[PDB]
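A quick write-up on the structure given underneath.
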Amino acid sequence: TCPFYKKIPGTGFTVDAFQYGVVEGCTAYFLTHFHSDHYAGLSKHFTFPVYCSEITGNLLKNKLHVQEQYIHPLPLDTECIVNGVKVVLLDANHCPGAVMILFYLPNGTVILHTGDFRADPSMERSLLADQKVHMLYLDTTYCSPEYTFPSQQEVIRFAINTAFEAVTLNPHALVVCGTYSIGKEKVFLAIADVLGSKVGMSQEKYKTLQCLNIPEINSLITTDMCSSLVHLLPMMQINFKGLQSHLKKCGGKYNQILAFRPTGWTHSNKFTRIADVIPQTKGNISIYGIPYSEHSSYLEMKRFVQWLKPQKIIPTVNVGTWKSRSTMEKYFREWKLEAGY
Ligand code: NI
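Note that full-length UniProt numbering numbers the sequence shown so that position 91 is 790, with each residue one more than the last.
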């Protein structure tokens, strides 16, 4: 049945709760972003109101074929009324169109649901600065101290430099980047830019990217693989077998592949620095795994919460085991005792 952490008390609202059929007493279903664990259940046959960002509404329409009459897009950073309740959507620093939602309850309670986010100090100067938050529904994906990773800027630096070097040494090398969902577009766009190429991809992926309001996008992407020296492929094809097969398809235009697998966190983050990462190699193929995260590190999460000083925290990730739950509750207590709220 719908879990309690997907219901907003004092309203007929749910968040990211599309796989439980009709939720008894829900008058509006909010969708924070277009990732499949979040939208799971939505289809062309859904007949309840969906509230979301403009970009998310472009994807629901074009990729899922949800009918237009049920899609309610809202602008960001704007006080809006939904079934009699004031709401604000804020940028989540996750994937394109990902939002956090502020609900202002009739009784005076204020609730923030982060959706999926990567906390940033820039958030401390949004509409959040303006008033108190009583309850926080938090993206706890990486809520443990061992989860460190570099900034997005440092990871892109490493990728740009690595690709630029390889292709300058061998102009017959192809660069390939793995994808399976929206998000992490900076990886393949930054690399294409340093190489003066457009990025080539399948028609289905091109379509997806045309929904995202990325400026000058037509100058940056294409469906003509031949004209482009950066190719996107399904993440599942980013292995030696899949890459050889793909090189075969390029008709002797290239004699080397350098590939990037953007992951979240991996255990090598505990020991190794970004400067020191090395690829997996077999023959004329090299695969780099790069830790490009669109979720809060442990420290970034802690800073955000200690700044906000909520009265109650409700985790939305890793809630399935008692040991996880107990571990998170310990950190919330440390944070609260350290900062004095
Ligand atoms: Ni997500």
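C-beta atoms are modelled at their ideal positions from N, C-alpha and C, and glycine is treated no differently.
Rounded to whole angstroms, the gap between the alpha carbons of residue 830 and residue 706 is 22 Å. Listed in chain order, the beta strand (DSSP E) elements of length 3 or more contained wholly in the region 851–889 are 872–878. In this structure, the alpha-carbon of residue 840 lies about 23 Å from that of residue 708. Taken through DSSP and simplified to helix, strand or coil, residue 816 comes out as coil. For the 9 Å CB-CB criterion, residue 769 and residue 747 form a contact. One alpha carbon belongs to residue 1003, the other to residue 796, and they sit about 21 Å apart. Around the beta carbon of residue 964, 16 or more other beta carbons lie within 10 angstroms, which makes this residue buried. Relative to the non-hydrogen atoms of the ligand NI, the Cβ of residue 815 comes within a distance shorter than 8 Å of at least one. Pairwise C-beta distances place the region 818–825 in contact with the region 989–1004, as three or more of them are shorter than 8 Å. Residue 928 holds the alpha-carbon nearest to the alpha-carbon of residue 873 among 846, 731 and 928. When secondary structure is reduced to three states using DSSP, residue 940 falls in the helix class. Proximity of the region 778–797 to the region 970–978 falls short of the contact definition, fewer than three beta-carbon pairs being nearer than 8 Å.
Under a 10 Å Cβ-count criterion, residue 918 is classified as exposed, with fewer than 16 other Cβ atoms of the shown protein chains found around its own Cβ.
Annotated three-state conformation of residue 716 is coil, per DSSP. Residue environment for residue 822: buried (at least 16 other C-beta atoms within 10 angstroms of its C-beta). According to the DSSP secondary-structure assignment, residue 934 is paired through a beta bridge with no residue. Residue 955 sits in a strand when the DSSP states are folded into three classes. Nearest in C-alpha terms to residue 871, of all of 909, 946 and 792, is 946.
Residue burial annotation: residue 985 is buried, with at least 16 other C-beta atoms found within 10 angstroms of its C-beta. The beta-carbon distance between residue 956 and residue 911, rounded to whole angstroms, is 27 Å. This is too long to meet the 8 Å contact definition. Residue 869 sits close to residue 954, with the two beta carbons spaced by under 9 Å. Within the same chain, Cβ atoms closer than 6 Å to the Cβ of residue 734 are found at 880, the five residues on either side in sequence being excluded. Residue 967 sits away from residue 847, with the two beta carbons spaced by 9 Å or more. Within the model, the alpha-carbon separation for residue 772 versus residue 781 is close to 11 Å. Within the same chain, no residue comes within 6 Å of residue 935 by CB-CB distance, once the 5 residues on both sides are set aside. For residue 838, the number of other beta carbons within 10 angstroms of its own is at least 16, and it is reported as buried. For residue 736, the Cβ falls inside the 8 Å cut-off from some heavy atom of the ligand NI. The DSSP-derived three-state label of residue 755 is helix.
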